[PDB]
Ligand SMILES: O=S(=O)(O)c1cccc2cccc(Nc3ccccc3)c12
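Let's start with one chain on its own, the form solved without ligand 2AN, as structure tokens.
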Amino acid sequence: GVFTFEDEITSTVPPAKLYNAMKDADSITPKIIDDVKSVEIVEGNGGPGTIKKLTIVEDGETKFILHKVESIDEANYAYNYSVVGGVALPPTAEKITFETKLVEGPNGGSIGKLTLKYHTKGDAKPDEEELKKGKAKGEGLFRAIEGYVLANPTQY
């Protein structure tokens, strides 16, 4: 099954800047998110289809996550990736898709829509704590990208 969740967020950063930073997540995330150590491209050019391997630390243990870039829609300031391997995919989970879309907000900032698409095996539903964790991760990454732009104003 596929279960979809949307959350509306705001930023003081305007959407073209955020969107540009989002596309730079491979370099930004290991700097700001303590546990993310590295991002390696396995196949592809950064565009849709690209497979990436993230190396993280959890509890002093090195772990690996696999991502797939799904779609990048500049017209709607949209950047979509999926978690396709590693700890967030328990056996009844197939894939988790994290979509971010931005529009102009009032006061020269942004309104974002964070979509989480939790793909399960067969008739299973998402575990409640897994969903909570997934939403937190999605919002954390958004706030890492935003944090970077707010701390490095000249760069965007």
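Counting begins at 1, following the sequence as shown. By rigid core we mean the largest C-alpha set that fits within 1.5 Å across both forms.
The protein also exists as the form solved in complex with ligand 2AN; that form is not presented, and the subsequent description refers to it.
Highlighted residues 65, 136 and 141: every one comes within 4.5 Å of ligand 2AN in the deposited complex, counting any heavy atom. Looking at residue 93, you'd find every heavy atom of it more than 4.5 angstroms from ligand 2AN in the deposited complex. For the stretch 2 to 27, the set of residues having any non-hydrogen atom within 4.5 angstroms of ligand 2AN in the deposited complex is empty. Checking 131, 114, 69, 88 for C-alpha shifts of 2 Å or more between the shown form and the other one, after the rigid core is superposed, gives a single hit: 88.
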